[PDB]
Amino acid sequence: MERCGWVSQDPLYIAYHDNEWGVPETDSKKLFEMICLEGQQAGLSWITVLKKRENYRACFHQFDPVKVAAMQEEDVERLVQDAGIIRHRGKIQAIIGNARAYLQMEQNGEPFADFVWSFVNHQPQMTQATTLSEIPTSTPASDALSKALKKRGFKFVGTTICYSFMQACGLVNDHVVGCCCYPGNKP
Ligand SMILES: [Zn+2]
């Protein structure tokens, strides 16, 4: 049958495509883990981030999110000893800050995950592009969303990382018209 052309090879990526990718997520932890790890793709390929994504969980998932917000600069330097993932004490520091800004949003009982949803009018977006080139990476919500995270102090929010967030987060549905799941004319 027809399938998404986003993947050229690497069977691991396709498995990730079927697992989620394009499925709207409302979990704050899933969105936080996506925006933080997505920064790794910068310069690196999407496949590189997925492999390290699993290793990243080994160093951060066990510590949980609230803990990093409660960790000190010595903790990031201590784990740096293990580089199973890209090495960059500066990037690790962003993780601690990510939990600090994220935790502040919860203090008002308003998850920051709900905030991004409001940027798209709490309404899901869908597209019927035929080729990947037809899909535009410049959208009014993606540009405004990056400015919002930048204000929070989030790093690695380039417009490219922002568009990737909606793609993995599922805010927008971009699976061309040859992915079976996306018909475009078959209700
Ligand atoms: Zn697809």
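This text follows the structure it describes.
Residues numbered from 1 in each chain as written, not as in the entry; some residues may be left out. Heavy atoms only, no water.

## A look at the overall build of the chain
Rules: The way it works is that DSSP assigns letters per residue, a run of H or I at least four long becomes a helix, a run of E at least two long becomes a strand, and they are numbered from the N terminus. The size measure is the radius of gyration over C-alpha atoms, and the globule rule it meets is 2.2 Å times the number of residues to the 0.38 power. Note on classification: 1.4 Å probe, protein chains only; a residue is buried when its accessible area is under 20% of the maximum for its type, exposed when over 50%, partly exposed between these limits. Contact criterion: two residues are considered in contact whenever any of their non-hydrogen atoms come within 4.5 Å of each other. Only the protein chains shown count as cover for residues, with accessible areas throughout obtained via the Shrake-Rupley method and a probe of 1.4 Å.
A count of helical and extended segments in the chain gives 9 helices and 2 strands. Ordering the α and β elements of the chain from the N terminus gives α-α-α-α-α-α-α-β-α-α-β. Against the globule reference of 16 Å for 187 residues, the chain gives a C-alpha radius of gyration of 17 Å, in line with a compact fold. Within the chain, buried positions represent 42% of all 187 residues. The contacts in the chain between residues at least 6 apart in sequence include a share of 70% that link residues at least 24 apart. Surface summary for the chain: the accessible area is close to 11100 Å², and the carbon and sulfur share equals 53%.

## Details of the coordination of the zinc ion
The condition is simple: Counted as donors are the N, O and S atoms within 2.8 Å of the metal, or 3.2 Å for Na, K and Ca, while water is not among the atoms, so some sites may look incomplete.
Bound to the zinc ion are the protein donor atoms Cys4 (SG), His17 (NE2), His175 (ND1) and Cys179 (SG), situated 2.0 to 2.3 Å from the metal. Since its relative accessible area comes to 10%, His175 is described here as buried.

## Some words on the layout of surface pockets
Leftover empty space is mapped by rolling, across the atoms, a probe with the size of a water molecule. Rule in force here: Using a 1 Å grid laid over the protein atoms alone, points where a 1.4 Å probe fits but cannot get out form a cavity; open sets with protein on both sides within 12 Å along at least 5 of 7 lines form a pocket; any residue with an atom within 4 Å of a point counts as lining. Grid points are joined across faces, edges and corners, and a volume is the space filled by probe spheres set on the points. Residues are grouped as follows: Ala, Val, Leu, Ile, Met, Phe, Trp, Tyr, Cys and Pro are nonpolar; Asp, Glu, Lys and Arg are charged; every other residue, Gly included, is polar.
Of the voids in this model, the largest pocket is the one considered here, and its volume is about 540 Å³. Lining of the largest pocket is provided by 21 residues; of these, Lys29, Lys30, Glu33, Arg53 and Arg57 occupy positions nearest its centre. Of all elements in the fold, only α1 (11-19), α2 (28-41), α3 (46-61) and α4 (65-69) reach the threshold of two or more residues within the lining of the largest pocket. Counting residues per element, the lining of the largest pocket draws most heavily on α3, at 7 residues. Looking at the lining of the largest pocket residue by residue, the classes come out as 10 nonpolar, 2 polar and 9 charged. Looking at the second largest pocket, its volume works out to about 300 Å³. Taken together, 16 residues form the lining of the second largest pocket, with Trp6, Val7, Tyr13, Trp46 and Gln167 sitting closest to its centre. The set of elements that each furnish at least two residues to the lining of the second largest pocket consists of α3 and α9 (159-169). Looking at the lining of the second largest pocket, the element that brings in the most residues is α9, giving 4 residues. Residue composition of the lining of the second largest pocket, grouped by class: 8 nonpolar, 7 polar and 1 charged.

## Focus: the packing of α2 against helix α6 (residues 89-107)
Under the convention used in this document: In this analysis, axes come from line fits to C-alpha atoms, helices being fitted only over the stretch in contact, and the angle between any two N-to-C directions falls in the range 0 to 180 degrees. Should an angle lie under 35 degrees it is considered roughly parallel, over 145 roughly antiparallel, and from 65 to 115 roughly perpendicular; all remaining angles are considered oblique. Helix crossings get a hand from a simple test, with the near helix turned counterclockwise from the far one by less than a right angle marking a left-handed crossing and a clockwise turn marking a right-handed one.
Where α2 contacts α6, the two axes come as close as 11 Å, and the packing angle between them is 155°. By the angle between their directions, the pair α2 and α6 is classed as roughly antiparallel. Considering how the two elements wind past one another, α2 and α6 form a crossing that is right-handed. For the pair formed by α2 and α6, the contact residues are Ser28, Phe32, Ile35, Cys36, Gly39 and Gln40 on the first element and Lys91, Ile95, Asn98 and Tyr102 on the second. A breakdown of the residues in the contact of α2 with α6 according to their chemical character gives 5 nonpolar, 4 polar and 1 charged.

## Overview of helix α5 (residues 73-80)
Note: α-helices contain 3.6 residues per turn, so residues at a spacing of three or four share the same orientation. The test is simple: The directions from the helix axis to the C-beta atoms form the arc being described.
Within α5 the residues assigned to the buried category are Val76, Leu79 and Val80. In a view along the axis of α5, the buried residues occupy a sector of 115°, so they form one face of it. On its buried side, α5 packs onto α3 and α6.

## Topic: unusual backbone geometry
Most peptide bonds adopt trans geometry, and most residues besides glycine take a negative phi value. Unlike most non-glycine residues, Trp21 shows phi in positive territory, near 50°. Note that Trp21 resides in the loop between α1 and α2. Positive phi is not limited to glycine here, since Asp64 has a value of about 70°. Of note, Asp64 is situated in the loop between α3 and α4. Given the relative accessible area of 42%, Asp64 is considered partly exposed.

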